[PDB]
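Input: a single structure, listed below in structure tokens.
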Amino acid sequence: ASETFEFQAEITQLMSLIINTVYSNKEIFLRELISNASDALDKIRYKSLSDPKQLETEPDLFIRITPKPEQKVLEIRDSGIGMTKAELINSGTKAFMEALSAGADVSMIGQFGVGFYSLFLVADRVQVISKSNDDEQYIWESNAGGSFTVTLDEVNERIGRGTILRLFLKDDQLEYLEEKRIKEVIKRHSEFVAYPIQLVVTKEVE
Ligand SMILES: CC(C)NCCCn1c(Sc2cc3c(cc2Br)OCO3)nc2c(N)ncnc21
């Protein structure tokens with residue numbers, strides 16, 4: 001039983017714009033999601049200052065990137081604060097689009113507070129799987145269209161705490177499934193992240 005919701009008008013506009021743009025430096029999406037992951041980790045860590053038990057659901061603070069080639073999927077996981085069903089369901093958007101019209105580089109998206117949407121530069125569908133200490137695990141899904149769904153999660157691996165951004169990459173952006181490519185993008189735009197960034201690589205035994 002999934003629930004469907006309509007996106008705020010400006011958001012639907014932003015997604016269409018991003019998923020269709022021919023912008024050339026699409027790799028910036030990884031910088032933005034890692035940044036958001038880092039932000040969520042900061043949150044749970046700061047919250048744990050006066051409520052240590054909050055960390056018990058998942059003691060390790062990390063950002064993990066897992067390419068799943070067979071499915072043409074790239075996952076960006078963090079053991080941050082997570083999001084409840086209400087948070088997933090419920091700006092900076094309009095001002096950013098106006099900046100874009102004037103010539104601003106798409107890479108400024110994060111400074112406008114909407115960097116999450118840069119994922120549509122390399123993917124045409126996304127599932128945000130999240131588990132907040134305050135709610136059950138839920139799945140938020142969008143295909144850049146005007147509506148998104150939120151479903152109680154009974155199909156994905158249990159997240160102790162945190163969020164998984166599961167990107168369904170576009171057929172021409174499959175390079176982001178490659179370990180070599182992924183590393184260089186990370187090393188290039190995320191040198192000062194306080195959390196370990198783990199890359200999960202699958203290698204056939206010799
Ligand atoms: C204070 C509040 C306005 N910040 C919201 C940040 C939402 N968010 C984001 S950005 C985001 C996430 C969404 C979303 C919109 C955004 Br923007 O709808 C689908 O889930 N990434 C997060 C993450 N990795 N962990 C926890 N929260 C995350």
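To be explicit about the labels: the chains of the structure tokens are called A, B, and onward in the order shown, and within each one the residues are counted from 1, while ligands get numbers from 1 in the order they are shown.
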* Asked: Any idea what's packed within 6 Å of region 22-34 of chain A, counting only C-alpha atoms, ignoring anything in its chain fewer than 5 positions away? Could you give it as a PyMOL selection string?
  -> chain A and resi 115+118-119+121+189
Limited to C-alpha atoms, could you put the picked residues into a file as a PDB file, in the first residue's frame?
```pdb
ATOM      1  CA  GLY A 115      21.400  20.326  -4.257  1.00  0.00           C
ATOM      2  CA  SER A 118      21.136  17.627  -8.913  1.00  0.00           C
ATOM      3  CA  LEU A 119      20.808  13.841  -8.856  1.00  0.00           C
ATOM      4  CA  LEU A 121      21.614  15.220 -13.901  1.00  0.00           C
ATOM      5  CA  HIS A 189      35.099  17.727  -4.732  1.00  0.00           C
TER       6      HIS A 189
END
```
What are the nearest atom pairs, with distances in Å to one decimal, for all residues of chain A that come at most 10 Å from ligand 1, using only C-alpha atoms and all ligand atoms, set out by chain and rising residue number as a tab-separated table?
```
residue	atom	partner	partner_atom_place_in_ligand_line	distance
A:7	CA	ligand 1	18 (O)	9.9
A:11	CA	ligand 1	15 (C)	9.7
A:32	CA	ligand 1	10 (S)	9.2
A:33	CA	ligand 1	21 (N)	7.1
A:34	CA	ligand 1	24 (N)	8.0
A:35	CA	ligand 1	24 (N)	8.5
A:36	CA	ligand 1	21 (N)	4.9
A:37	CA	ligand 1	24 (N)	4.3
A:38	CA	ligand 1	24 (N)	7.7
A:39	CA	ligand 1	23 (C)	7.4
A:40	CA	ligand 1	25 (N)	4.7
A:41	CA	ligand 1	25 (N)	7.8
A:43	CA	ligand 1	26 (C)	8.6
A:44	CA	ligand 1	26 (C)	9.5
A:63	CA	ligand 1	24 (N)	9.5
A:76	CA	ligand 1	24 (N)	8.4
A:77	CA	ligand 1	24 (N)	7.4
A:78	CA	ligand 1	24 (N)	6.4
A:79	CA	ligand 1	25 (N)	8.3
A:80	CA	ligand 1	25 (N)	5.9
A:81	CA	ligand 1	26 (C)	5.8
A:82	CA	ligand 1	26 (C)	4.4
A:83	CA	ligand 1	26 (C)	5.5
A:84	CA	ligand 1	26 (C)	9.2
A:85	CA	ligand 1	20 (O)	9.9
A:87	CA	ligand 1	5 (C)	7.8
A:88	CA	ligand 1	20 (O)	5.3
A:89	CA	ligand 1	18 (O)	7.0
A:90	CA	ligand 1	18 (O)	7.8
A:91	CA	ligand 1	3 (C)	9.9
A:92	CA	ligand 1	17 (Br)	9.7
A:93	CA	ligand 1	17 (Br)	9.7
A:110	CA	ligand 1	17 (Br)	9.7
A:113	CA	ligand 1	17 (Br)	7.1
A:114	CA	ligand 1	17 (Br)	5.2
A:115	CA	ligand 1	17 (Br)	6.8
A:116	CA	ligand 1	10 (S)	4.9
A:117	CA	ligand 1	17 (Br)	6.8
A:118	CA	ligand 1	17 (Br)	9.9
A:126	CA	ligand 1	19 (C)	8.8
A:127	CA	ligand 1	19 (C)	8.0
A:128	CA	ligand 1	20 (O)	5.7
A:129	CA	ligand 1	20 (O)	8.3
A:130	CA	ligand 1	25 (N)	7.6
A:131	CA	ligand 1	26 (C)	9.2
A:132	CA	ligand 1	26 (C)	8.5
A:139	CA	ligand 1	19 (C)	9.0
A:140	CA	ligand 1	19 (C)	6.0
A:141	CA	ligand 1	19 (C)	7.5
A:142	CA	ligand 1	19 (C)	8.2
A:148	CA	ligand 1	19 (C)	8.9
A:149	CA	ligand 1	19 (C)	9.9
A:150	CA	ligand 1	19 (C)	9.4
A:161	CA	ligand 1	25 (N)	9.9
A:162	CA	ligand 1	25 (N)	6.4
A:163	CA	ligand 1	24 (N)	5.3
A:164	CA	ligand 1	24 (N)	7.1
A:165	CA	ligand 1	24 (N)	7.3
```
* **Every residue of chain A that DSSP places in alpha helix (DSSP H), as an NGL selection string** => :A and (9-20 or 28-47 or 85-89 or 93-102 or 179-189)
* Which residue, A:176, A:193, A:187, A:159, has the smallest gap to residue 136 (chain A) when you use only C-alpha atoms? ->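 Among the listed residues, A:159 lies closest to residue 136 (chain A).
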* From the set A:194, A:71, A:57, A:99, which residue has the shortest atom-to-atom contact distance to residue 134 (chain A), counting only C-alpha atoms? -> A:57
* Select from region 132-169 of chain A everything DSSP, run on the backbone, classes as strand (DSSP E), then give the selection as a PyMOL selection string. => chain A and resi 138-142+147-152+162-169
For N, CA and C atoms, I'd like the residues from the last selection saved as an mmCIF file, in the first residue's frame.
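What ended up in part12.cif:
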```cif
data_model
loop_
_atom_site.group_PDB
_atom_site.id
_atom_site.type_symbol
_atom_site.label_atom_id
_atom_site.label_comp_id
_atom_site.auth_asym_id
_atom_site.auth_seq_id
_atom_site.Cartn_x
_atom_site.Cartn_y
_atom_site.Cartn_z
ATOM 1 N N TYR A 138 11.043 3.861 5.539
ATOM 2 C CA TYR A 138 10.138 4.197 4.445
ATOM 3 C C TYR A 138 10.850 4.418 3.119
ATOM 4 N N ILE A 139 10.096 4.305 2.029
ATOM 5 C CA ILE A 139 10.636 4.518 0.691
ATOM 6 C C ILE A 139 9.909 5.669 0.005
ATOM 7 N N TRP A 140 10.675 6.672 -0.413
ATOM 8 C CA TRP A 140 10.154 7.839 -1.120
ATOM 9 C C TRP A 140 10.660 7.625 -2.541
ATOM 10 N N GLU A 141 9.784 7.745 -3.533
ATOM 11 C CA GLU A 141 10.219 7.519 -4.903
ATOM 12 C C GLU A 141 9.713 8.580 -5.864
ATOM 13 N N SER A 142 10.590 8.980 -6.779
ATOM 14 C CA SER A 142 10.275 9.996 -7.776
ATOM 15 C C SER A 142 10.952 9.715 -9.113
ATOM 16 N N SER A 147 4.542 13.989 -9.259
ATOM 17 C CA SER A 147 4.106 13.307 -8.047
ATOM 18 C C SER A 147 5.134 12.288 -7.563
ATOM 19 N N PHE A 148 5.108 12.008 -6.265
ATOM 20 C CA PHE A 148 6.021 11.043 -5.672
ATOM 21 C C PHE A 148 5.228 10.134 -4.749
ATOM 22 N N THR A 149 5.786 8.968 -4.451
ATOM 23 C CA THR A 149 5.118 8.030 -3.571
ATOM 24 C C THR A 149 5.956 7.780 -2.321
ATOM 25 N N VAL A 150 5.275 7.418 -1.242
ATOM 26 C CA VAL A 150 5.926 7.080 0.014
ATOM 27 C C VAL A 150 5.297 5.758 0.426
ATOM 28 N N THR A 151 6.144 4.761 0.656
ATOM 29 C CA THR A 151 5.692 3.421 1.000
ATOM 30 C C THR A 151 6.459 2.852 2.187
ATOM 31 N N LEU A 152 5.748 2.188 3.098
ATOM 32 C CA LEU A 152 6.396 1.563 4.246
ATOM 33 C C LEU A 152 7.316 0.517 3.621
ATOM 34 N N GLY A 162 19.603 6.005 9.158
ATOM 35 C CA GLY A 162 20.202 6.718 8.048
ATOM 36 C C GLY A 162 19.375 6.724 6.782
ATOM 37 N N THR A 163 20.032 7.044 5.679
ATOM 38 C CA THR A 163 19.347 7.150 4.404
ATOM 39 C C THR A 163 20.147 6.572 3.256
ATOM 40 N N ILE A 164 19.427 6.013 2.293
ATOM 41 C CA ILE A 164 20.050 5.474 1.107
ATOM 42 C C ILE A 164 19.421 6.209 -0.067
ATOM 43 N N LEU A 165 20.250 6.838 -0.885
ATOM 44 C CA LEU A 165 19.737 7.478 -2.082
ATOM 45 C C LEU A 165 20.078 6.440 -3.138
ATOM 46 N N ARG A 166 19.050 5.826 -3.723
ATOM 47 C CA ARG A 166 19.229 4.808 -4.752
ATOM 48 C C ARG A 166 18.929 5.449 -6.099
ATOM 49 N N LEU A 167 19.988 5.738 -6.849
ATOM 50 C CA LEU A 167 19.861 6.384 -8.142
ATOM 51 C C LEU A 167 19.818 5.386 -9.280
ATOM 52 N N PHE A 168 18.819 5.534 -10.137
ATOM 53 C CA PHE A 168 18.691 4.685 -11.312
ATOM 54 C C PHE A 168 19.280 5.552 -12.412
ATOM 55 N N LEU A 169 20.554 5.313 -12.697
ATOM 56 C CA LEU A 169 21.296 6.082 -13.681
ATOM 57 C C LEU A 169 20.754 6.022 -15.105
#
```
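Nearest to residue 145 (chain A) of all the residues A:158, A:170, A:188, A:125 is A:125, counting only C-alpha atoms.
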* To do: Select, from A:45, A:100, A:14, A:205, the residue with the minimum atom-to-atom distance to residue 59 (chain A), counting only C-alpha atoms.
  =>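 Closest to residue 59 (chain A) of all the choices is A:45.
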* **Between CA of residue 69 (chain A) and CA of residue 186 (chain A), distance in Å (one decimal)** =>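 Going from CA of residue 69 (chain A) over to CA of residue 186 (chain A), I get 18.7 Å.
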* Any idea what's packed within 8 Å of residue 199 (chain A), counting only C-alpha atoms, ignoring anything in its chain fewer than 2 positions away? Could you give it as a PyMOL selection string? -> chain A and resi 64-66+179+197+201
Produce a file of the selected residues containing N, CA and C atoms, as a PDB file, in the first residue's frame.
```pdb
ATOM      1  N   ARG A  64      28.629   5.747   2.496  1.00  0.00           N
ATOM      2  CA  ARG A  64      29.000   4.590   1.695  1.00  0.00           C
ATOM      3  C   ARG A  64      28.410   4.676   0.298  1.00  0.00           C
ATOM      4  N   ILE A  65      29.234   4.404  -0.702  1.00  0.00           N
ATOM      5  CA  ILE A  65      28.794   4.456  -2.086  1.00  0.00           C
ATOM      6  C   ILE A  65      28.879   3.047  -2.648  1.00  0.00           C
ATOM      7  N   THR A  66      27.746   2.554  -3.142  1.00  0.00           N
ATOM      8  CA  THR A  66      27.659   1.212  -3.695  1.00  0.00           C
ATOM      9  C   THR A  66      27.100   1.142  -5.111  1.00  0.00           C
ATOM     10  N   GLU A 179      34.534   2.138 -10.457  1.00  0.00           N
ATOM     11  CA  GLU A 179      35.353   2.486  -9.301  1.00  0.00           C
ATOM     12  C   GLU A 179      36.361   3.596  -9.581  1.00  0.00           C
ATOM     13  N   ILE A 197      34.505   7.898   3.741  1.00  0.00           N
ATOM     14  CA  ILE A 197      33.673   7.661   2.575  1.00  0.00           C
ATOM     15  C   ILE A 197      34.116   6.297   2.072  1.00  0.00           C
ATOM     16  N   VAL A 201      33.214  -2.176  -3.677  1.00  0.00           N
ATOM     17  CA  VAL A 201      33.573  -2.701  -4.985  1.00  0.00           C
ATOM     18  C   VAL A 201      33.420  -4.216  -5.024  1.00  0.00           C
TER      19      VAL A 201
END
```
